[PDB]
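To start, the structure itself, in structure tokens.
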Amino acid sequence: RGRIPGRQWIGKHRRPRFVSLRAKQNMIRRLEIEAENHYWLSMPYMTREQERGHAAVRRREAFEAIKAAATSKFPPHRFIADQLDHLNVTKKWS
Amino acid sequence: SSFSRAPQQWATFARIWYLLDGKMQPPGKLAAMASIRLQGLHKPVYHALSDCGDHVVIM
Amino acid sequence: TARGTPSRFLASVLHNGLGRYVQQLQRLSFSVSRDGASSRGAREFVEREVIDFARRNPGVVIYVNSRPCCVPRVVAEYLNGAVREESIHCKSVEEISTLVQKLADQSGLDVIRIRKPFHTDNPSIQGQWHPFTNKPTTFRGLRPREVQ
Amino acid sequence: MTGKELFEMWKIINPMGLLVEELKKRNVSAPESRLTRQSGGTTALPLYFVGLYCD
Amino acid sequence: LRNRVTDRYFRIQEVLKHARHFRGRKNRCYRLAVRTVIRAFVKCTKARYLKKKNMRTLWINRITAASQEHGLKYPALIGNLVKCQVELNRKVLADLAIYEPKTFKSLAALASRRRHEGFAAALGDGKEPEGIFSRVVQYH
Amino acid sequence: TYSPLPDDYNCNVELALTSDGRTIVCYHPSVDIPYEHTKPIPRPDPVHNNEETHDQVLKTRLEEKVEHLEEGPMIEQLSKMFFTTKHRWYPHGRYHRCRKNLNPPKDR
Amino acid sequence: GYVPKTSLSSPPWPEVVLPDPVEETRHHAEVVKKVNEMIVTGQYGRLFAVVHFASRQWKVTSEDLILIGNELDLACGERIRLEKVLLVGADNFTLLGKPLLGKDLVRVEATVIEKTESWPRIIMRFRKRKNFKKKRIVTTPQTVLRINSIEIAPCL
Ligand SMILES: [Mg+2]
């Protein structure tokens, strides 16, 4: 008898939903966290002119390491030991 | 105790008869307690397959 | 699947840890081949680590048969009559050593579903719960709606 | 003996007589049995708790 | 017919040995047995989450039963046991409720004492002793 | 004085805190059921099988109890006696009868 | 601040008066003394403990077995002291930690009895109409511990 037109939660006529106490309290506590975040993002420490180049050396070194890893690429070494010890497959009593 | 095992089991899983009174009580508040003690949800030994239900006599 | 397999409870063999611990492994019997690529790990295990294993635990009797076989094997026999057979076919020496150490570590009980991983024989000390625990008494034991 | 009750290795026959003579040895007068608890008497599944009282 | 399959029976048995306890034609016929065994193994894998959840629910029910036997409520008991710094989980709490009723009564009494102390604290802001089963122990 | 829980059932609980304050001590001896709270065991001695002529006529009369019922009334009687439902007492097929474990695992 | 008695004038719950702190401190002292003298005389038998071990809490007593789901790097037959005891109870008394009891108070011993693996556990993944089917078999390591003794010391 209580019939909603097709696909309850989409369309022109939808099944109504209402907000409980849970949802309001959850929203309020997340808003409180956000407000405290706003507070703590309000007092910087280096005013954007004092941070001009304080990490440039370290970032350059990091990218140099990245490039060294990217360019140190080559086929691995090949040894006589593996080719010769494949002969151990037929090692009988000795 | 030390309760030889068969008497111990019988005592643990024995059925209890409870008396509950109507006389101006709300039927649903009576039914809540009746359902609890008919299912056996009032015993720390409760399980669904243990058949640990009790008798409720509502007058 | 548990519903498609047997089950048992956690248990010991003869109350192993109560008095003295005893090694439940009784015998290890090895079938290894003189020739044959599959018995090479077993061959080197017998060459090096079988003697040290026997010296390490002397409650276990180890036999090595050295017969022509396509599949080398180890048979573990336990004090409770349990027999377990394992294939050491085409296994490395470290694999075989781990296998034999595991065999010496286990007991003879079946490796099936264990069903409640604890076994207490005295589950209650203050008395098991019954519907009359936590229930007060009445004068003269008078049940509800009584007269005398 | 672990996990076994005393009367699973002794296998006594008359516990009341044994207790009576033990109390006679210990100079304890007599145990009288009283119904301490009960739940259902007219049903096929009764529960009785009987307590023994000495003096 | 160069190299046709010879050991198909052993693969059929590999699937069929997990269907022996089924009912109907799916305990013997591979075409239906394979589907039902696939579903059974998926159920076996998914059932671990439900086993954990259901065992925790059983512990909660048993603890609620015992606490109501002692007159307490489950949230009050759990919260005040946390506040007394006694960190027993639902499993061992139900274990004690079934097998150590004296210990469980002592635990419920301690939780009720802590709850009353919390009420007195909410009334009087400490002033002086802030309760005795309060006073958490500090660690460094 | 003050008690968190009533000390008349199952325990006499006292809660203490050590001087160091790091451990809680719970003392809880058992409470006995007092004699005034018990009733005497009944002693029924029914003897009405003695007629003035014989003495083994009552021994014969002792084996006079026998009764047979069909499935319907028997199941109704069992259900009434054990406060169960009728479905408990109908039989099961051979499949269910033979797929039941007759040697189940034993704990304790 | 006076209100005539009604159904809402006063809270439904009873009014609770907690005991006075100094007399309660003396009462706690005497209760701890009584429990300690019971311990020194040996008025206990067959006590149990709750032990935190391998991310789990175990209700152990003497003589029983515990199965823990990983290796321990111990030989079979090795005796071990099980620390992290948070409850120990005998008949008529119980000791609680906040959250752990002291080292000097309790001493739980356990011997390693069996090192094994579990039965095979099937891990099957399936999605319909997607050709999505995967299967694993896992056997986790396992250790069996036999609890030998739970001792208590008068240092209360
Ligand atoms: Mg629709």
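The chains referred to below are lettered A, B, ... by the order of the sequence lines, with proteins before strands, and numbering in each begins at 1. Scope of the values below: all heavy atoms of this structure, side chains included, with no hydrogens, waters or symmetry mates.
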A/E32 bridged to A/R30 by N-O distance under 4.0 Å
no
If only side-chain N and O atoms count, and only distance matters, is there a donor-acceptor pair under 3.5 Å linking E/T103 with C/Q126?
yes
Do E/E117 and E/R113 meet the salt-bridge criterion of a basic N to acidic O distance under 4.0 Å?
yes
E/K105 side chain reached by E/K102 side chain, heavy atoms, under 4.5 Å:
no
Side-chain donor-acceptor pair present, B/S4, D/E5, cut-off under 3.5 Å
yes
Report the C-alpha separation of G/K115 and C/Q101 in whole Å, then their side-chain angles, then the decisive distance to 0.1 Å, and conclude whether the side-chain contact (heavy atoms from CB on, under 4.5 Å) test is met.
CA-CA 10 Å; G/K115 306 164 78 179; C/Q101 196 39 250; over 6 Å; no
For the pair C/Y21 and G/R79, evaluate side-chain hydrogen bond (donor to acceptor under 3.5 Å, both in side chains) and give the outcome as yes or no after the intermediate values.
CA-CA 10 Å; C/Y21 170 75; G/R79 196 169 194 109; over 6 Å; no
Can you tell me if C/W129 uses its side chain to pair, donor with acceptor, with the backbone of B/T12 under 3.5 Å?
no
Ion pair C/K102/C/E95, N-O distance below 4.0 Å:
no
Is it true that a side-chain atom of C/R113 and a backbone atom of G/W119 form a donor plus acceptor pair closer than 3.5 Å?
no
What's the verdict on side-chain contact (heavy atoms from CB on, under 4.5 Å) for C/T120 and G/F48, showing C-alpha distance, side-chain angles and the deciding distance?
CA-CA 11 Å; C/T120 189; G/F48 63 98; over 6 Å; no
Do the ring centers of G/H28 and E/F133 come within less than 6.0 Å of each other?
yes
Validation row, ring centre C/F9 to ring centre C/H119 under 6.0 Å:
no
Determine the interplanar angle of the B/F3 and C/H130 rings, folded into 0 to 90°, and report it as parallel if under 30°, tilted if 30 to 60°, perpendicular if over 60°.
tilted
Output yes when G/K59 and E/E100 qualify as a salt bridge under the 4.0 Å nitrogen-oxygen rule, no when they do not.
yes
Just by distance, do the side chain of A/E36 and the backbone of A/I33 share a donor-acceptor pair under 3.5 Å?
no
Quick check on F/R108: does its CZ atom have over 12 non-hydrogen neighbours (other residues, nucleotides or ligands) under 6.0 Å away?
yes
Would you call G/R46 and G/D91 a salt bridge, taking side-chain N to carboxylate O under 4.0 Å as the test?
no
Is there a donor in the side chain of C/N80 and an acceptor in the side chain of C/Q24, or the other way round, less than 3.5 Å apart?
no
